[PDB]
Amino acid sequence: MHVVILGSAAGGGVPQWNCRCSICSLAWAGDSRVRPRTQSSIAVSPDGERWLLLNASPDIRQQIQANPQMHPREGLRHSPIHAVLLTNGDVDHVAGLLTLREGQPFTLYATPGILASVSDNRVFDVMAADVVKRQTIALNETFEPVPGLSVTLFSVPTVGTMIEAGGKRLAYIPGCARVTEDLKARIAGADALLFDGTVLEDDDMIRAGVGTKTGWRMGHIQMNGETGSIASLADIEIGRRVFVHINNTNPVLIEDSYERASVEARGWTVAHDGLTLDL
């Protein structure tokens, strides 16, 4: 299975357009210690030519350009993107759909609620009805949007996505409020886990001076602590642990930081845009 992480940041990206926290400020200055990041999205393929897009972020046009895997093939309307899956209806998950409009056939997958919400916005009609097939999917239902690629959505404490091809398994869970034994049982054995890395400490955004809400308040389990994701996930088998959906206020974004080293020392990769996996 081929994986490309198109966007590794949480909503707002890195930097965020109206943020001047210490991390974003480094990015604005073009300091090498902080790599700019687009908003969460990954692409997965069973064969390396036909791809499923997971969520369509506001940065999708930049993501397609930056990643050769996404570049159109020779001829008319010949994109490697065959399907798009929406895991939720948030603006940072659907705004990219407005870019995918120029008569390109693909299949859009989502739950009935999300598809209905999209259809309730006429601006998304740029995905022409005679061009883009809109297909409802149920939770816990396995389907095959690309031949050889099995996809299943499942609830998490909000949905996670289980992707399977050629005996390999990837769990994609960019948003997670808490790690349960139930969740761990689902993840265990996966060749790769891409997991909510929004905040390092519960009070990241407060310390950064950009907000008053804790990670808990916003539905994001923090990385650190006995109750954190790293500790909670440490005793199950996972081929590759990767943090995605990283907020601009997270100090793991700083390339030479102790925090980054600490998270890597505990077996976690901090994702950057264009990171690839061949499982």
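Note that residue numbering begins at 1 and tracks the sequence as displayed.
*Asks:* Does the chain run continuously from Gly148 to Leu149, or are deposited residues unmodelled in between? Answer none, 1 to 3, 4 to 9, or 10 or more.
*Replies:* Missing in between: none.
*Asks:* Regarding 16 to 24 and 260 to 268, which shows the higher C-alpha temperature factor on average in the entry?
*Replies:* Averaging CA B-factors over each stretch, the winner is 260 to 268.
*Asks:* Test of understanding: from the entry's C-alpha B-factors, which stretch has the higher mean, 250 to 258 or 57 to 65?
*Replies:* The stretch with the larger average C-alpha B-factor is 250 to 258.
*Asks:* Check the PDB entry and point out which of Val199, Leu98, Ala192, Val159 has the largest C-alpha temperature factor.
*Replies:* Spelled out: the listed residue with the top C-alpha B-factor is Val159.
*Asks:* Sort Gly209, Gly103, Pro80, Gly75 by C-alpha B-factor from the entry and give me just the highest.
*Replies:* Answer for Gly209, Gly103, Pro80, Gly75: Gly209, with the highest C-alpha B-factor.
*Asks:* Would you please rank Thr38 by its C-alpha temperature factor against the other modelled residues of its chain and give the third it falls in: lowest, middle or highest?
*Replies:* For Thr38, the deposited C-alpha B-factor lands in the lowest third.
*Asks:* Just say lowest, middle or highest third for the CA B-factor of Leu52 relative to the other modelled residues in its chain.
*Replies:* Answer is lowest: the recorded C-alpha B-factor places it there.
*Asks:* Test of reading the entry: by CA B factor among the chain's modelled residues, which third contains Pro46?
*Replies:* According to the entry, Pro46 has a C-alpha B-factor in the chain's lowest third.
*Asks:* Give the position of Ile187 by CA B-factor within its chain, expressed as the lowest, middle or highest third.
*Replies:* Top third by C-alpha B-factor.
*Asks:* Could you tell me which third, lowest, middle or highest, the C-alpha B-factor of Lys213 occupies within its chain?
*Replies:* Within its chain, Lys213 is a highest-third residue by C-alpha B-factor, going by the deposited values.
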